[PDB]
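Chains as they are written, first to last, in full-length UniProt numbering: chain X, 1 to 223; chain Z, 1 to 223.
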């Protein structure tokens, strides 16, 4: 996890840099959104913090381009106008720039995410965390954010149950996504040729009785 | 949903009372927390807010006695010492008592709770939401957190699956406790009599083989 501090004043970024260090978090200082937009492109950050007034525009694109991320905007003018705009535009939390006491700022970031990590589904050595939008295989952590991984998260949860072709559709989409008609055909034959490879364990059965039946692998129950 | 506003000043708790009401929310004003604690024990609330300063100890147990609830404490003295103690003691958010502009406070309560409504399991007209810890039957929402509640939600998720008797024993009582592999007959018998009463529809199949099997109602299909 990394923290992004978009501030032109290196002095204020200096104190915060040694402020979150106590939590063992990494801090990054940038100038205008341009440096933050170009710097974040090569590296992703868990906490997106920016004290720039044009933050409303930046957080707006960060919320839609990456809603699965935290945003902490600041402002030396905590007025009711910026308060509603911060939550309406798309801000996870807003702190008065003047900083109540540094530890007050980081403290809010700490309670926001201390352990940072969770998982809902767990089968064998494979662990899928749909709440945190994160898939793990063989102990390998991989991020997800697209239609190709969307289905991967679908069977990840509704596993161990019957799955018809219409099931993936209504569980994913087709018309609204302007996808190519009959997407279940190429999407399932490939996802399987791409899933059994990395996992190495089969967990899908094809039958004409209904469609595709997903069954948990050999007893993954602890001995 | 319901909102709880504890404030010794009826004038301030008054404006808020009729403030968020415009959003179509329900709210009640009380004096000391004693009234709120004696009023909430008989009625449950989703948003529990308090402007009392000695609430630190109260809001603290609220998270313990109700970690699945929202907590909004206020304070006419926004000091870094109270802020850290607010998140440390047990507060989801803290607002400077003076209120930025009422609507500003309600806006934060709305964004945090706009639609509020989800369910991981669904079947026919019955709805069950274990993540939020709540059972819904015949369009009636009811909260449960006793010993025989998690067991009901347990078979709700593991629906359409076979489960042995011992599994249930270690499912709710996994930590070392006086389980004595034999009380299951009592817990299962009590659940069967406590589940059919409310849900006039059976959803559990009892079979001497293996143990108890869970499946959706037999007449669920229109046939």
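Each residue gets a CB set at the ideal place from its N, CA and C atoms; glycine is no exception.
Using a threshold of 7 Å, state whether the C-beta atoms of residue i and residue j are closer than that.
{"i": "residue 51 of chain X", "j": "residue 7 of chain X", "result": "yes"}
{"i": "residue 4 of chain X", "j": "residue 38 of chain X", "result": "no"}
{"i": "residue 162 of chain Z", "j": "residue 114 of chain Z", "result": "no"}
{"i": "residue 30 of chain Z", "j": "residue 36 of chain Z", "result": "yes"}
{"i": "residue 92 of chain Z", "j": "residue 120 of chain Z", "result": "no"}
{"i": "residue 100 of chain Z", "j": "residue 185 of chain X", "result": "no"}
{"i": "residue 48 of chain X", "j": "residue 62 of chain X", "result": "yes"}
{"i": "residue 106 of chain Z", "j": "residue 19 of chain Z", "result": "yes"}
{"i": "residue 123 of chain Z", "j": "residue 150 of chain Z", "result": "no"}
{"i": "residue 187 of chain X", "j": "residue 87 of chain Z", "result": "no"}
{"i": "residue 203 of chain Z", "j": "residue 217 of chain Z", "result": "yes"}
{"i": "residue 224 of chain X", "j": "residue 142 of chain X", "result": "Summary: the structure shown does not reach residue 224 of chain X, with chain X confined to residues 1 through 223, and so no result is reported for it."}
{"i": "residue 221 of chain Z", "j": "residue 160 of chain Z", "result": "no"}
{"i": "residue 147 of chain Z", "j": "residue 211 of chain Z", "result": "no"}
{"i": "residue 97 of chain Z", "j": "residue 75 of chain Z", "result": "yes"}
{"i": "residue 2 of chain X", "j": "residue 26 of chain X", "result": "yes"}
{"i": "residue 137 of chain Z", "j": "residue 152 of chain Z", "result": "no"}
{"i": "residue 157 of chain X", "j": "residue 198 of chain X", "result": "no"}
{"i": "residue 179 of chain Z", "j": "residue 169 of chain Z", "result": "yes"}
{"i": "residue 175 of chain X", "j": "residue 183 of chain X", "result": "no"}
Under the three-state reduction of DSSP, which class applies to residue i: helix, strand or coil?
{"i": "residue 38 of chain Z", "result": "helix"}
{"i": "residue 229 of chain X", "result": "No statement about residue 229 of chain X is possible, as the shown extent of chain X runs from 1 to 223 and does not include it."}
{"i": "residue 58 of chain X", "result": "helix"}
{"i": "residue 91 of chain Z", "result": "coil"}
{"i": "residue 30 of chain Z", "result": "strand"}
{"i": "residue 144 of chain Z", "result": "coil"}
{"i": "residue 4 of chain X", "result": "strand"}
{"i": "residue 107 of chain Z", "result": "helix"}
{"i": "residue 179 of chain Z", "result": "coil"}
{"i": "residue 113 of chain X", "result": "coil"}
{"i": "residue 67 of chain X", "result": "coil"}
{"i": "residue 86 of chain X", "result": "helix"}
{"i": "residue 23 of chain X", "result": "helix"}
{"i": "residue 219 of chain Z", "result": "helix"}
{"i": "residue 149 of chain X", "result": "helix"}
{"i": "residue 174 of chain Z", "result": "coil"}
{"i": "residue 18 of chain Z", "result": "helix"}
{"i": "residue 184 of chain Z", "result": "helix"}
{"i": "residue 101 of chain Z", "result": "coil"}
Identify the residues that DSSP records as bridge partners of residue i: which are they?
{"i": "residue 128 of chain Z", "result": "Z:121 and Z:135"}
{"i": "residue 213 of chain Z", "result": "Z:162 and Z:205"}
{"i": "residue 11 of chain Z", "result": "For residue 11 of chain Z, which the question treats as bridged, DSSP gives no partner whatsoever."}
{"i": "residue 75 of chain X", "result": "X:96"}
{"i": "residue 47 of chain Z", "result": "Z:3 and Z:70"}
Output, in chain order, the set of chain Z residues within a Cβ distance shorter than 7 Å of residue i.
{"i": "residue 220 of chain X", "result": "Within chain Z, no residue comes near residue 220 of chain X; the closest Cβ sits about 14 Å away, beyond 7 Å."}
{"i": "residue 103 of chain X", "result": "80 and 84"}
Since residue i meets chain X, which of its residues come closer than 8 Å, beta carbon to beta carbon?
{"i": "residue 114 of chain Z", "result": "Simply none; closest approach about 11 Å."}
{"i": "residue 100 of chain Z", "result": "78, 79, 80 and 83"}
Using a Cβ cut-off of 8 Å, pull out every chain Z residue sitting near residue i, in sequence order please.
{"i": "residue 108 of chain X", "result": "83 and 87"}
Output, in chain order, the set of chain Z residues within a Cβ distance shorter than 9 Å of residue i.
{"i": "residue 97 of chain X", "result": "Near residue 97 of chain X there are no residues of chain Z at all, since even the closest Cβ is about 14 Å away, more than 9 Å."}
Kindly examine the ligand ZN and report whether one of its heavy atoms sits closer than 6 Å to the Cβ of residue i.
{"i": "residue 50 of chain X", "result": "This structure does not include the ligand ZN; it has no bound ligands of any sort."}
(request) Mind checking the segment 54-80 of chain Z against chain X and listing, in chain order, the residues whose C-beta falls within less than 8 Å of any C-beta there? (result) Close to chain X, meaning a Cβ-Cβ distance shorter than 8 Å, are the following residues of the segment 54-80 of chain Z: 78, 79 and 80.
(request) Can you give me, in chain order, the residues of the UniProt DNA-binding region "OmpR/PhoB-type" (118-216) of chain Z that have a beta carbon less than 8 Å from any beta carbon in chain X? (result) 160 and 161
(message) Give me the subset of the segment 12-29 of chain X whose CB atoms are less than 9 Å from a CB atom of chain Z, sorted by chain position.
(response) Residues of the segment 12-29 of chain X with a C-beta atom less than 9 Å from some C-beta of chain Z do not occur.
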